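Protein chains in written order, with full-length UniProt numbering: chain A, 11 to 240; chain B, 11 to 240; chain C, 11 to 240; chain D, 11 to 240; chain E, 11 to 240. Ideal Cβ positions, reconstructed from N, Cα and C, are used throughout, including at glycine. Presented below is the structure to which this report refers.
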Amino acid sequence: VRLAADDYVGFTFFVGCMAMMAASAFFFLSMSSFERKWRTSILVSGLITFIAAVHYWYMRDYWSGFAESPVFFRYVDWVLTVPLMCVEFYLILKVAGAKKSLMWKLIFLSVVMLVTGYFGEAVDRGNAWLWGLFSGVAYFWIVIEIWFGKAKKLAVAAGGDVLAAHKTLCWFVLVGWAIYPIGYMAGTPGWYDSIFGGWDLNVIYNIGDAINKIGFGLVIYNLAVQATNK
Amino acid sequence: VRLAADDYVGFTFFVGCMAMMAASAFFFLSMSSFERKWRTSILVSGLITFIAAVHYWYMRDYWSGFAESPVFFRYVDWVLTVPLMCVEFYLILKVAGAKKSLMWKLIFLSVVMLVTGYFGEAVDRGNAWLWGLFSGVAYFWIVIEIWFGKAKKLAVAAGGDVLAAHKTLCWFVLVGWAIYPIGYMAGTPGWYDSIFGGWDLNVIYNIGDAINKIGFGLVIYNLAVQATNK
Amino acid sequence: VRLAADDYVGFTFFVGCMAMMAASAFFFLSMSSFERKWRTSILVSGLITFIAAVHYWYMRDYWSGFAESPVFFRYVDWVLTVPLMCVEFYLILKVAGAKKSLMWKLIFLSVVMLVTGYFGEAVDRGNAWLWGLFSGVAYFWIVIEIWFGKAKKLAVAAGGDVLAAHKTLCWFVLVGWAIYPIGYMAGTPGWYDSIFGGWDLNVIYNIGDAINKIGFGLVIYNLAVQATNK
Amino acid sequence: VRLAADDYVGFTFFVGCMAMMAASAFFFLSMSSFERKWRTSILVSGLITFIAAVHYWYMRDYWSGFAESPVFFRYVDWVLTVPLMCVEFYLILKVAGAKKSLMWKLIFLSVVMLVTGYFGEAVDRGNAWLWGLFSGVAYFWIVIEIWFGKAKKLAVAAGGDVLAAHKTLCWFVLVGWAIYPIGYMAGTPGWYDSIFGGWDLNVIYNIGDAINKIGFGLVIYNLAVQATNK
Amino acid sequence: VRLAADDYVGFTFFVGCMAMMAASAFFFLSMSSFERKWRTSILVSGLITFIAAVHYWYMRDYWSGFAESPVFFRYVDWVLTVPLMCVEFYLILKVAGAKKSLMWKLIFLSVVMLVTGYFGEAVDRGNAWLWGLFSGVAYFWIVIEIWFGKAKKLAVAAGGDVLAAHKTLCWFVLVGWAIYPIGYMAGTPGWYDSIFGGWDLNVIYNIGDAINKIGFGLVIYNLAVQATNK
Ligand SMILES: CC1=C(/C=C/C(C)=C/C=C/C(C)=C/C=C/C=C(C)/C=C/C=C(C)/C=C/C=C(C)/C=C\[C@H](O)C(C)(C)O)C(C)(C)C[C@H](O)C1
Ligand SMILES: CC1=C(/C=C/C(C)=C/C=C/C(C)=C/C=C/C=C(C)/C=C/C=C(C)/C=C/C=C(C)\C=C/[C@H](O)C(C)(C)O)C(C)(C)C[C@H](O)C1
Ligand SMILES: CC1=C(/C=C/C(C)=C/C=C/C(C)=C/C=C/C=C(C)/C=C/C=C(C)/C=C\C=C(C)/C=C/[C@H](O)C(C)(C)O)C(C)(C)C[C@H](O)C1
Ligand SMILES: CC1=C(/C=C/C(C)=C/C=C/C(C)=C/C=C/C=C(C)/C=C/C=C(C)/C=C\C=C(C)/C=C/[C@H](O)C(C)(C)O)C(C)(C)C[C@H](O)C1
Ligand SMILES: CC1=C(/C=C/C(C)=C/C=C/C(C)=C/C=C/C=C(C)/C=C/C=C(C)/C=C\C=C(C)\C=C/[C@H](O)C(C)(C)O)C(C)(C)C[C@H](O)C1
Ligand SMILES: *C/C=C(C)/C=C/C=C(C)/C=C/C1=C(C)CCCC1(C)C
Ligand SMILES: *C/C=C(C)/C=C/C=C(C)/C=C/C1=C(C)CCCC1(C)C
Ligand SMILES: *C/C=C(C)/C=C/C=C(C)/C=C/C1=C(C)CCCC1(C)C
Ligand SMILES: *C/C=C(C)/C=C/C=C(C)/C=C/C1=C(C)CCCC1(C)C
Ligand SMILES: *C/C=C(C)/C=C/C=C(C)/C=C/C1=C(C)CCCC1(C)C
Ligand SMILES: CCCCCCCCCCCCCCCC
Ligand SMILES: CCCCCCCCCCCCCCCC
Ligand SMILES: CCCCCCCCCCCCCCCC
Ligand SMILES: CCCCCCCCCCCCCCCC
Ligand SMILES: CCCCCCCCCCCCCCCC
Ligand SMILES: CCCCCCCCCCCCCCCC
Ligand SMILES: CCCCCCCCCCCCCCCC
Ligand SMILES: CCCCCCCCCCCCCCCC
Ligand SMILES: CCCCCCCCCCCCCCCC
Ligand SMILES: CCCCCCCCCCCCCCCC
Ligand SMILES: CCCCCCCCCCCCCCCC
Ligand SMILES: CCCCCCCCCCCCCCCC
Ligand SMILES: CCCCCCCCCCCCCCCC
Ligand SMILES: CCCCCCCCCCCCCCCC
Ligand SMILES: CCCCCCCCCCCC
Ligand SMILES: CCCCCCCCCCCC
Ligand SMILES: CCCCCCCCCCCC
Ligand SMILES: CCCCCCCCCCCC
Ligand SMILES: CCCCCCCCCCCC
Ligand SMILES: CCCCCCCCCCCC
Ligand SMILES: CCCCCCCCCCCC
Ligand SMILES: CCCCCCCCCCCC
């Protein structure tokens with residue numbers, strides 16, 4: 011447990027843990043300065059960074075001990091936080107007339123995506139490409155729903171700050187989340203060892219997690235602020 | 011204490027701990043966005059997940075050490091959380107005219123159920139079937155009370171969101187709680203060759219606890235939300 | 011530090027710690043749903059279970075390590091919580107016209123009781139009967155004050171919910187607190203060789219503490235609720 | 011790590027830690043029941059006991075390990091808490107027309123007192139009497155300021171609850187704080203090693219800290235209560 | 011891991027950790043006593059000391075173990091806190107008409123400064139002078155912006171308490187932050203091994219961090235207080 015200056019994975023575990031901890035405090039402590047109608051979207055942004063702060067604490071210590079970070083262990087957090095992130099689409103479009111049907115659809119797709127991903131990574135690596143494909147289809151459905159589907163139509167109808175927030179969240183989902191499917195292909199045996207594979211993603215995962223989770227919440231927080239100051 | 015990808019019991023202890031921790035924060039931090047009349051029901055939903063989060067933390071570490079999870083140690087949480095869950099029937103029917111008599115009845119039955127279950131599991135395994143039977147009868151009385159008894163009549167009279175919440179809670183008690191008596195029969199010596207093989211009761215306990223406890227609370231939280239927005 | 015199913019002392023340390031922790035959260039989180047005039051009585055009920063939760067955490071660990079629970083170590087909590095419980099008589103009768111004189115009397119007697127008890131148990135066991143007797147007399151004075159003295163007269167004048175609460179608290183002090191003088195006589199050398207056999211003092215301490223501390227607070231909480239509802 | 015019944019220093023570390031922890035909770039959780047104008051004085055009372063609770067936790071564990079409590083290590087808390095206590099004179103006299111000049115004077119004297127004391131105790135024990143003397147003079151100036159100086163005149167002009175609180179705080183500073191200079195003379199080599207040298211102050215420090223810190227805050231809390239209730 | 015009276019680095023780690031912890035509690039608990047328009051600037055002052063408290067806890071323990079404090083490890087906190095400090099210029103000038111452009115500029119410069127500094131210190135020490143120079147230029151740009159640039163013009167236009175706060179913060183940036191570039195030159199190989207090099211900065215870092223972070227926040231808190239009191 012002596013620290014080394016060249017351990018960049020180590021460094022990014024320490025930073026990521028501290029940034030998520032601070033983000034969780036910022037969202038929980040800000041909630042009361044807003045009208046009740048915004049509070050839930052902010053609270054959930056804080057839950058997302060709270061789960062990640064606590065799991066990053068454990069992973070940071072484990073890396074200090076063993077100098078390993080098994081990818082399957084990252085799913086402890088992803089299986090909870092990715093559905094919560096998908097629920098934020100419902101929370102920000104509820105005013106624009108989203109119905110619980112939307113919430114259930116998103117929760118279902120996100121959970122299928124993460125559980126099939128875990129089966130590919132941990133339970134049945136023989137059939138990792140097949141599990142990948144099931145995960146990939148759930149991802150594609152989520153992307154289609156928010157870029158073109160009902161969620162997009164609701165955002166467009168609302169216009170204003172909401173539409174703006176919606177569009178930014180859609181970029182985070184399209185571009186920010188793409189690192190995870192890529193690392194899956196890099197780390198699992200399949201037909202994609204030719205292209206990817208043998209790539210160290212730990213630094214990318216540690217920085218990506220923080221940007222993905224804190225960025226999502228800052229966009230939601232920014233929406234509450236814009237709306238309130240009008 | 012390296013993590014292994016095939017340790018599914020391990021994985022479900024880490025997930026269950028994080029989900030209960032997050033649920034506790036969600037209910038505690040939501041309480042203030044509601045009129046005083048709902049806050050106690052929500053507070054108690056948070057107490058239920060808080061006790062479970064803290065006990066799941068200990069059990070998760072113990073499994074990391076010894077790769078054992080003795081059933082009797084789960085009763086540390088059940089003896090506190092199952093009575094609190096039974097109290098939620100009183101809290102949601104208090105408006106409909108439930109009297110403390112109902113609260114005391116439910117607390118008494120739930121406590122008898124859990125303590126007789128612990129005597130069967132830990133103190134007197136020779137007579138596990140007899141202790142089972144006493145627990146079984148307490149369970150049956152609770153089920154009859156909420157499906158057909160006074161509590162059901164109060165719910166029906168109130169109608170509306172309350173009746174809806176009541177019925178959902180009755181399904182959780184009937185179907186969601188059935189895993190516990192089944193695991194008891196699977197694990198104890200008696201007249202019962204409850205052979206539910208292929209699945210590790212530990213995985214079922216870890217997933218079932220989270221669903222049972224967070225599900226109960228989300229139904230109560232949903233009732234506060236429905237009522238408030240009317 | 012493997013758990014054993016027959017370690018009932020172990021079990022009751024785990025339960026007592028969790029119950030106190032939950033009770034502390036319940037009283038601290040309830041405080042704000044009450045008019046200012048009730049909040050202090052509730053806050054102090056929470057302090058009582060908070061001190062006990064944290065000390066039960068240490069005692070639980072120590073029992074896991076050494077399988078010993080020295081009685082003198084329980085006094086770490088009792089010297090703080092028993093005076094706080096005695097202050098609750100002042101807080102609930104302040105409306106009925108109790109004066110700080112009463113508060114100081116109760117604090118003084120409770121502190122004398124606990125400190126003389128500790129001298130008998132830990133510093134001067136040669137003269138345990140004498141220290142016992144000094145503690146005994148302080149106990150008797152407290153009992154006489156609340157059952158017959160000024161405090162009783164104030165309660166009786168107030169009538170209503172207050173008198174009801176006062177009488178229940180008087181039973182907890184008379185009957186619930188009797189286990190402590192009994193265990194003292196059971197554990198110390200003197201003119202008393204009280205057998206009180208069959209049952210492990212540690213189990214009785216662990217269950218008695220939780221009932222004594224949470225019961226006291228639930229009676230104070232019940233008084234605030236009754237009063238608020240009218 | 012086993013506890014001994016005759017370890018009175020040990021016992022007083024456990025009690026002191028628990029009492030400061032409970033006091034911190036009491037002041038932080040009471041703050042919201044008061045008009046804004048009192049909240050800062052109460053918050054600072056909680057900071058004082060919060061710092062001490064956390065440092066008492068470390069010193070308690072260190073004593074369990076090594077059975078030593080080096081006096082210089084107590085200064086970790088004193089260098090922060092003694093200036094905060096001195097600021098409380100400004101906070102309670104701000105209404106009576108105290109100016110920031112007074113705050114800065116008290117902060118400066120308190121910090122000089124504690125830092126010169128630390129130099130005498132830890133960095134330059136050869137000249138402990140000289141450092142003593144510098145600390146001694148800063149103490150005397152503080153005492154003169156509050157008993158006779160401007161601060162006293164402000165209190166006297168205000169009259170009422172303020173004057174009462176001021177006088178009680180002046181007794182705590184004069185008599186309650188005298189233990190610290192005495193222990194310095196008892197523990198340092200100088201011209202005073204005959205009179206005071208060779209005295210075990212650990213029990214006195216542990217009890218005195220708790221009484222000094224919780225006492226100061228209870229006087230401030232009592233001032234807020236008196237003022238509010240009329 | 012016995013404590014030594016001559017370990018001044020050790021002492022300052024313990025003090026710094028406690029002071030940051032106390033400052034965090036002071037800012038988080040004060041937030042609610044202010045109109046909404048000030049609360050964010052105070053919350054962020056608390057995040058700054060919260061990150062530092064938690065990182066100082068880890069560094070304190072590591073020094074207890076190994077008696078080393080690698081400079082690169084301090085960047086775990088600096089990469090988060092220095093940008094938050096720069097955002098405070100935006101938060102205090104938002105009323106005077108600062109635009110998000112200013113926020114982004116400051117965040118960008120602060121992050122470049124800290125990341126280039128870390129490259130010089132940890133990844134590429136061969137070219138530490140060059141990385142130094144890039145960091146140095148980002149620093150100079152920040153200084154020019156706040157002393158002469160747009161931010162200064164906004165402050166000057168606002169006048170009053172804001173201008174006063176602005177000027178104080180500009181001194182902290184100019185003089186209080188200068189210790190960090192100096193320590194960099196003292197610790198790295200370059201052309202400045204003649205001027206600096208061979209200097210122990212640990213005591214200076216530990217005291218400077220506390221003064222820099224708590225000082226910044228006390229100036230922001232002072233601005234909210236002055237403004238509130240009209
Ligand atoms: C240590 C020591 C010493 C100290 C000795 C000490 C302090 C001994 C303390 C003994 C105590 C406290 C015994 C308590 C025994 C409780 C009884 C019998 C209770 C009856 C209760 C009824 C009959 C309720 C009837 C209730 C009714 C009808 C209805 C409603 C009630 O509300 C309820 C809730 C109970 O239903 C000495 C010996 C001095 C010196 C030595 O040298 C050393
Ligand atoms: C790293 C590196 C590089 C860069 C390193 C860098 C940028 C280092 C920067 C160091 C700085 C900026 C030091 C600044 C020192 C300011 C002073 C002393 C100012 C004093 C003022 C006084 C003593 C009185 C003023 C008196 C009054 C009354 C004024 C103010 C008062 O305090 C008050 C607040 C009361 O008004 C380079 C070299 C580029 C490449 C290399 O390769 C490596
Ligand atoms: C895993 C797996 C499977 C599934 C794998 C899956 C789903 C992989 C998915 C990969 C994805 C989604 C890649 C996406 C790449 C998007 C790009 C490069 C876009 C760039 C654009 C940029 C860098 C910026 C800017 C662009 C614009 C327009 C900027 C706009 C501005 O930023 C503003 C916000 C202002 O508009 C399969 C293969 C099925 C089976 C296998 O067996 C296993
Ligand atoms: C321990 C022990 C003892 C005690 C043991 C005990 C009490 C064991 C209890 C086992 C229980 C309660 C099992 C329950 C099984 C319910 C079933 C299969 C029903 C399933 C599923 C339907 C009905 C779905 C759907 C139906 C509909 C209407 C749609 C339902 C949906 O779900 C809806 C959305 C409406 O909710 C004894 C034996 C006494 C002594 C021994 O010595 C040991
Ligand atoms: C460091 C050092 C140095 C200095 C060390 C220093 C300055 C030590 C100073 C110690 C002090 C000032 C001790 C004072 C002791 C006062 C007493 C006991 C007075 C009792 C009076 C009662 C009992 C009446 C009244 C009331 C009481 C107790 C309580 C309450 C009130 O009656 C009330 C009405 C409020 O209840 C020097 C020597 C400079 C160099 C050396 O080389 C080293
Ligand atoms: C906070 C963490 C986040 C946003 C993680 C997101 C992860 C994904 C969207 C993962 C997606 C996957 C697929 C679409 C294909 C292969 C399996 C997964 C789970 C890596
Ligand atoms: C949060 C945990 C929950 C809802 C646990 C519930 C446990 C039961 C309902 C257990 C019931 C039992 C019987 C009715 C028979 C055998 C003994 C028990 C205790 C397992
Ligand atoms: C939460 C803990 C409680 C209520 C403990 C109470 C303890 C006592 C009432 C102890 C009484 C004693 C005597 C009356 C005589 C012997 C010594 C004592 C301290 C056990
Ligand atoms: C919470 C801790 C408190 C109130 C401690 C206060 C300590 C002092 C007032 C110590 C004073 C000293 C001198 C006046 C002379 C010798 C050196 C000191 C630091 C022991
Ligand atoms: C809370 C900690 C603070 C305010 C730290 C600030 C650090 C700097 C302003 C560091 C600046 C540097 C340079 C300008 C050049 C050399 C490298 C750095 C990163 C030390
Ligand atoms: C005071 C308000 C805080 C809001 C919630 C804080 C998040 C806590 C996360 C804990 C992360 C563990 C990191 C500590 C490493 C020792
Ligand atoms: C370890 C890296 C920490 C990174 C934390 C900050 C990430 C911020 C992402 C960008 C948020 C912008 C959304 C604001 C609305 C326009
Ligand atoms: C709403 C959040 C849903 C969270 C889903 C968690 C799934 C837990 C993983 C399942 C692991 C079981 C492995 C069994 C393989 C034989
Ligand atoms: C400031 C808001 C935070 C609220 C946290 C809710 C209580 C959660 C406590 C449960 C902790 C046990 C799990 C920790 C595993 C290391
Ligand atoms: C809400 C009420 C909770 C009740 C908690 C009951 C736990 C009691 C377990 C009893 C253990 C002692 C058995 C010893 C038999 C020899
Ligand atoms: C280890 C598994 C963790 C699983 C997470 C549980 C989420 C809880 C979902 C329960 C169903 C919600 C019903 C609400 C009805 C309005
Ligand atoms: C987070 C909810 C607010 C009030 C919480 C007070 C709980 C008291 C904590 C007691 C901790 C000791 C038990 C933990 C066992 C590991
Ligand atoms: C060893 C664990 C025991 C758990 C104790 C929790 C129950 C508290 C006792 C309840 C007393 C009820 C009196 C309330 C009157 C309104
Ligand atoms: C108002 C609460 C008061 C708490 C009193 C605690 C005192 C602790 C016992 C003192 C131990 C003295 C050591 C014996 C020396 C022979
Ligand atoms: C707002 C009216 C309150 C009257 C307060 C009188 C008694 C206060 C209770 C004392 C609790 C102090 C906690 C000390 C921790 C050991
Ligand atoms: C609800 C506010 C809580 C008040 C702050 C409590 C201070 C906690 C300091 C830690 C000292 C307790 C010792 C723990 C031993 C394991
Ligand atoms: C280790 C000993 C524990 C000490 C317990 C703290 C109690 C101190 C309170 C004494 C001061 C009374 C304040 C007067 C209020 C007007
Ligand atoms: C009541 C609000 C408190 C917020 C501040 C918490 C900061 C905790 C970080 C430092 C942890 C303690 C340091 C040493 C513990 C052994
Ligand atoms: C080893 C660390 C000790 C540092 C103590 C922290 C307190 C520093 C406060 C700085 C004062 C700034 C005043 C600005 C107020 C307008
Ligand atoms: C609006 C743009 C959002 C895209 C954010 C992507 C961040 C992921 C980077 C992970 C590698 C360091
Ligand atoms: C270090 C801070 C990074 C991101 C800053 C927040 C940007 C948007 C905040 C919303 C303000 C209305
Ligand atoms: C609406 C019906 C709710 C009932 C759900 C039962 C919960 C199932 C427990 C899962 C065991 C793995
Ligand atoms: C309503 C009267 C309550 C007093 C009785 C409580 C005694 C239980 C504590 C001892 C259990 C071992
Ligand atoms: C305020 C209404 C009731 C107060 C008393 C409740 C008693 C609950 C006992 C809980 C045991 C788990
Ligand atoms: C009226 C206030 C006088 C306060 C004096 C208290 C003495 C504290 C030190 C005791 C150490 C055992
Ligand atoms: C152990 C309890 C000590 C409590 C000391 C009394 C507090 C008096 C405060 C008066 C405020 C109304
Ligand atoms: C008016 C503000 C001046 C800033 C003083 C700098 C504080 C840090 C000094 C370094 C500590 C040794």
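Extent of the continuous alpha helix (DSSP H) to which residue i belongs
{"i": "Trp139/D", "result": "138 to 157"}
{"i": "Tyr72/E", "result": "46 to 76"}
{"i": "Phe129/A", "result": "Where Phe129/A is concerned, there is no enclosing alpha helix (DSSP H), given that its DSSP letter is neither H nor E."}
Residue i beta carbon near ligand 1 (any heavy atom closer than 7 Å)
{"i": "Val25/B", "result": "no"}
Candidates the options: closest to residue i by CA position
{"i": "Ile214/D", "options": "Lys109/D, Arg84/D, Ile61/D, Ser55/D", "result": "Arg84/D"}
{"i": "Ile221/B", "options": "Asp171/B, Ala188/B, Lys47/B", "result": "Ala188/B"}
{"i": "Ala35/D", "options": "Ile224/D, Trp139/D, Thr238/D, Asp210/D", "result": "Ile224/D"}
{"i": "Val54/D", "options": "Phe37/D, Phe129/D, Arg70/D", "result": "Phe37/D"}
Any non-hydrogen atom of ligand 6 closer than 7 Å to residue i Cβ
{"i": "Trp187/A", "result": "yes"}
beta-carbon residue i near ligand 13 non-hydrogen atom, thresh 7 Å
{"i": "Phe37/B", "result": "no"}
Residue i CB to nearest heavy atom of ligand 11 below 7 Å
{"i": "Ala63/A", "result": "yes"}
Distance cut-off 7 Å: residue i Cβ against heavy atoms of ligand 31
{"i": "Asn222/D", "result": "no"}
Interfacial residues, the region 16 to 31 of chain C to chain B, with Cβ spacing under 8 Å:
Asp16, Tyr18, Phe21, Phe24, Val25, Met28, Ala29, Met31
Pull out every residue of the region 34 to 51 of chain B whose Cβ sits closer than 8 Å to any Cβ of chain A, in chain order.
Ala35, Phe36, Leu39, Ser40, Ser42, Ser43
So, do the region 74 to 82 of chain C and the region 102 to 122 of chain C have three or more beta carbon pairs nearer to each other than 8 Å?
no
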